[PDB]
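Undergrad:
Number of protein chains: 2
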Amino acid sequence: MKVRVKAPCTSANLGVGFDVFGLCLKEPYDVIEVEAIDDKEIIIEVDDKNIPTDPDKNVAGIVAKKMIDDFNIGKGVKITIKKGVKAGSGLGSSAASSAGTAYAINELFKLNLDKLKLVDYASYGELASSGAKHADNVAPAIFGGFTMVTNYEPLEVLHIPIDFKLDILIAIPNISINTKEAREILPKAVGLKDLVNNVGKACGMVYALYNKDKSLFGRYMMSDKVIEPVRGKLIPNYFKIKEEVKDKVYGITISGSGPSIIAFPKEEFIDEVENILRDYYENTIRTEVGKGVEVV
Amino acid sequence: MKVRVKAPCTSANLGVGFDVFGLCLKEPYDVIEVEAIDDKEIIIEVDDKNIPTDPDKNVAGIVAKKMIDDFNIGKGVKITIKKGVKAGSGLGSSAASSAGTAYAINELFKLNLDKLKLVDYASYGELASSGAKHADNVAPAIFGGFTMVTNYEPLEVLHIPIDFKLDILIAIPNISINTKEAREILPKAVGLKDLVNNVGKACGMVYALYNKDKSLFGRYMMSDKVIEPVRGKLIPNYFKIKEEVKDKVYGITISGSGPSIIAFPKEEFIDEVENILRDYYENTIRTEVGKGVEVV
Ligand SMILES: Nc1ncnc2c1ncn2[C@@H]1O[C@H](COP(=O)(O)OP(=O)(O)OP(O)(O)=S)[C@@H](O)[C@H]1O
Ligand SMILES: Nc1ncnc2c1ncn2[C@@H]1O[C@H](COP(=O)(O)OP(=O)(O)O)[C@@H](O)[C@H]1O
Ligand SMILES: CC[C@H](C)[C@H](N)C(=O)O
Ligand SMILES: CC[C@H](C)[C@H](N)C(=O)O
Ligand SMILES: [Mg+2]
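Chains P and D supply the protein sequences, listed in that same order. Position in the first sequence (first residue = 1) + 1 = the numbering used here. Position in the second sequence (first residue = 1) + 1 = the numbering used here.
#1: Does DSSP classify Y282/P as helix, strand or coil?
#2: How many Å lie between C10/D and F147/D at the Cα?
#3: Taking Cβ positions only, does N152/P come closer than 9 Å to chain D?
#4: Can you name the residues of chain D whose CB is closer than 9 Å to the CB of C204/P?
#5: List the whole-angstrom C-beta distance separating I286/P from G91/P, where the pair is believed to meet the contact cut-off of C-beta under 8 Å.
#6: Assess, as a yes-or-no matter, whether the segment 230-243 of chain P is touched by the segment 222-240 of chain D under the definition of 3 or more beta carbon pairs within less than 8 Å.
#7: Tell me whether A190/P sits in a helix, a strand or coil according to DSSP, three-state version.
#8: Any chance the CB of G93/D is under 8 Å from a heavy atom of ligand 7?
#9: Pull up the CB-CB distance for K3/P and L109/P, whole angstroms please, since I reckon it's below 8 Å.
#10: So, helix, strand or coil for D49/D, using DSSP?
#11: Taking 8 Å as the line, does the beta carbon of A13/D fall inside it for any heavy atom of ligand 4?
#12: Contact between the segment 52-69 of chain P and the segment 112-132 of chain P is defined here as three or more beta-carbon pairs at a separation below 8 Å; is this criterion met?
#13: Determine the direct distance from the alpha carbon of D31/D to that of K7/D, and round the result to whole angstroms.
#14: Does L187/P come within less than 9 Å of chain D when only Cβ atoms are used?
#15: Would you say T180/D touches ligand 1, meaning its beta carbon is less than 8 Å from a heavy atom?
#16: Since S12/P is in the beta strand (DSSP E), which residue starts that stretch and which ends it?
#17: Assuming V290/D and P266/D form a contact by the criterion Cβ under 8 Å, report the distance between their Cβ atoms to the nearest whole angstrom.
#18: Determine the chain P residues that contact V197/D at a beta-carbon separation under 8 Å, and present them in chain order.
#19: Is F144/D near ligand 4, with its Cβ less than 8 Å from a heavy atom?
#20: When DSSP labels each residue in this structure, what does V150/P get in the three-state scheme?
#21: Nearest chain D C-beta to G291/P closer than 9 Å, yes or no?
#22: Mind listing the chain P neighbours of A183/D? Cutoff is C-beta to C-beta under 9 Å, in chain order.
#23: Assign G85/D to one of two classes, buried (16 or more other C-beta atoms within 10 Å of its C-beta) or exposed (fewer than that).
#24: For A190/P, would you say it is in contact with chain D, using Cβ-to-Cβ distances shorter than 9 Å as the test?
#25: Give the single residue among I263/P, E229/P and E269/P whose Cα lies nearest to the Cα of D248/P.
#26: For a test of your reading of the model: does the CB of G201/P fall under 8 Å from any non-hydrogen atom of ligand 4? Yes or no.
#27: Please list the segments of the beta strand (DSSP E) lying wholly inside the segment 101-179 of chain P, counting only runs of 3 or more residues, in order along the chain.
#28: Whose C-beta lies closer than 6 Å to the C-beta of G77/D among residues of the same chain, with five residues either side of it excluded?
#29: With DSSP run on the structure shown, which of helix, strand or coil describes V227/P?
#30: Quick one: is the Cβ of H135/P within less than 8 Å of any heavy atom of ligand 4?
#31: Can you tell which of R184/P, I171/P and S99/P has its C-alpha closest to the C-alpha of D20/P?
#32: By DSSP, does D195/P sit in helix, in strand, or in coil?
#33: In three-state terms, what does DSSP make of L210/P?
#34: Strictly under 9 Å for the Cβ-Cβ distance: is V227/P near chain D by that measure?
#35: For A103/P, count the other beta carbons within 10 Å of its own beta carbon; 16 or more makes it buried, fewer makes it exposed. Which is it?
#36: Using a 10 Å radius around the Cβ and a threshold of 16 neighbouring Cβ atoms, would you call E229/P buried or exposed?
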């Protein structure tokens, strides 16, 4: 009586889509197994010592409990987690565990819940463990492709599948940003011109996806002047890296609250761009747009 | 040596699309004819003695000069303008003549310019008449359907054709709002939460158009908390009407800077909503999405 699932990392914000946009990655990913156990308790194991095992501290245990409670399920569960990336790297590591667990509980106990609801449950994990019920990383983890969190009370997620090829390159610095360090730096106010610029460019990115225009998508993605300039200073060599890959990528920006960098390399320069990245950051991986949590 | 064309009214902003979104109307429309005259003169003849016939003032003249100049047509022109609707109402009356003028000059004088180019030149008209080059009313007038001005110098416009029926009701209050003051009382900065709400809701509207979802389009359109709550105070009964037609329209918002109001009535209530709008204001127009300037 168990299910095993692959829950992917995700890149949020994408420049002008701050707190709205999310892109699902194929890799890295967590591998999560959930087993129904008679002992009405929640047991968790993780292969990353720096991550809690306390069912009330580990995001997977927080999600599992809320769902077992809401559905008055009898069994308890043993969750075994094999982490894809460290926390604080801006690749939605916590979201992968939250979305993966919601999806796994739904499969294991045949709850037949729609994706939006799995995103909502997963969001609780992000809350209890970050004070904010943010869903811009768990929405793409569940839906796959590109998502937009367009409302919170009640949650609304709009999904745009990506059926064309989009090569992704992710550089992962050896530093960490806890998503609390993440928001303090955030400006409290924005100028009207910036609001107008980000709305226009974010809308242009949506148009670009429907018209499968990667140059347009990438160019507008790099137009944010409200947050990116601030956060970029927290990443060693980030502006130098952008400059150096300038004409070989459709676009490059910070993934989530950072420090990881996400680039969309032009087809003819993918190796060159991957080496430039790896030259500053050894932990560089090549991937593409993913499909969301799936049974394995 | 002359051409006849209709230059339609347009509605900019559409709530969260402030300074970016533009929707072309079918009616009202200016009716313009232009004759090529040897005498190097700009003969502007416009009804409604309230529009400056002075080729220096009238936007149709400016677009003529700044244009004729370039292409060195080495002539002058007889511009007959039948106004479609009043100015200062928030329906792009200026844009109608500016863009209408440009599209004719093109067709008539051999020229093979681009729609973007026509939007480009037409902008100089709005420059001297309002202040800035404003392209959000001129773009839909020329492209038809729905447009997004995503950048200035270089001017960038993204067009999304509306291929489904979208009924529109326009109400014109017999008051005048000082377009310019309707600017200075606008906030100069906004909270992060509003940048987030507006980006998400505006992106959701583009998604709604591609999914031909009028209800999602109209609901998100009414979600602006930055500009509309302030501007709407100046439009008598606006908030009361919005609440009263609430379940009978996909959405209703201010057209441009006002005082005109644009509503997207549900098929089942179009007459009833048009009547409610007539009982509060006197002038209402039932129309649909237009396809832009075209040979009469
Ligand atoms: N061909 C023309 N049609 C209409 N108004 C004109 C024209 N040429 C010049 N104008 C002048 O330009 C002004 C009208 O532009 P606005 O006050 O901005 O109104 P509007 O264009 O209807 O509304 P907006 O800006 O799109 S909300 C008036 O002061 C007019 O006298
Ligand atoms: N299963 C889990 N996987 C990853 N991080 C987890 C998990 N359970 C709890 N966490 C905790 O939540 C935080 C991670 O959130 P944050 O710093 O924003 O990074 P992330 O982007 O990976 O969510 C850490 O304090 C971490 O130990
Ligand atoms: C977890 C927080 C998320 C990534 C948010 N969009 C931010 O950048 O802070
Ligand atoms: C027609 C709309 C104009 C250009 C501007 N968005 C305003 O509301 O003042
Ligand atoms: Mg105008």
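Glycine included, C-beta positions come from ideal geometry on N, C-alpha and C.
TA: Once the coordinates are examined:
#1: Here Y282/P sits in coil by DSSP.
#2: Rounded to whole angstroms, the separation of the alpha carbons of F147/D and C10/D is 13 Å.
#3: It does; some Cβ of chain D falls within 9 Å.
#4: Residues of chain D passing the Cβ test: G18, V21, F22, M149, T151, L159, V200, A203, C204, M206 and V207.
#5: At roughly 14 Å, the Cβ-Cβ gap does not stay under 8 Å, so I286/P and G91/P are not in contact.
#6: No: the two stretches stay apart, fewer than three of their Cβ pairs being nearer than 8 Å.
#7: Taken through DSSP and simplified to helix, strand or coil, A190/P comes out as strand.
#8: By its list of ligands, the structure shown excludes ligand 7, since it contains just ligand 1, ligand 2, ligand 3, ligand 4 and ligand 5.
#9: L109/P and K3/P do touch by the CB rule: their CB atoms are close to 7 Å apart, below 8 Å.
#10: It is coil, neither helix nor strand.
#11: Yes, since a heavy atom of ligand 4 falls inside the 8 Å radius drawn around the Cβ of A13/D.
#12: Verdict: yes, contact present.
#13: Straight-line Cα distance between these residues: approximately 6 Å.
#14: For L187/P, the answer is yes, since a Cβ of chain D falls inside 9 Å of its Cβ.
#15: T180/D has its Cβ nearer than 8 Å to a heavy atom of ligand 1.
#16: Counting along the chain, the beta strand (DSSP E) containing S12/P begins and ends at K3 to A13.
#17: With 8 Å as the limit, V290/D and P266/D do not qualify as a contact, their Cβ atoms being about 13 Å apart.
#18: Those are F19, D20 and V21, listed as they occur along chain P.
#19: Answer for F144/D: no, Cβ out of range of ligand 4.
#20: DSSP places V150/P in strand when its eight states are reduced to three.
#21: No - not a single Cβ of chain D is within 9 Å of the one on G291/P.
#22: In chain order: nothing, as chain P lies at least about 14 Å away.
#23: Buried, since its Cβ has 16 or more Cβ neighbours within 10 Å.
#24: Closer than 9 Å: yes.
#25: With distances taken between Cα atoms, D248/P lies closest to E269/P.
#26: For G201/P, the Cβ stays outside the 8 Å cut-off from all heavy atoms of ligand 4.
#27: Runs found: 147-152, 157-161 and 168-172.
#28: Answer for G77/D: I38, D40, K41, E42 and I43, listed in chain order.
#29: The answer is coil: DSSP assigns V227/P none of H, G, I, E or B.
#30: No, the Cβ of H135/P stays beyond 8 Å of every heavy atom of ligand 4.
#31: Nearest C-alpha to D20/P: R184/P.
#32: In the structure shown, the three-state DSSP call for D195/P is helix.
#33: For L210/P, the secondary structure class from DSSP, reduced to helix, strand or coil, is helix.
#34: At least one chain D Cβ lies under 9 Å of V227/P.
#35: Buried.
#36: Answer is buried; the Cβ neighbour count reaches 16.
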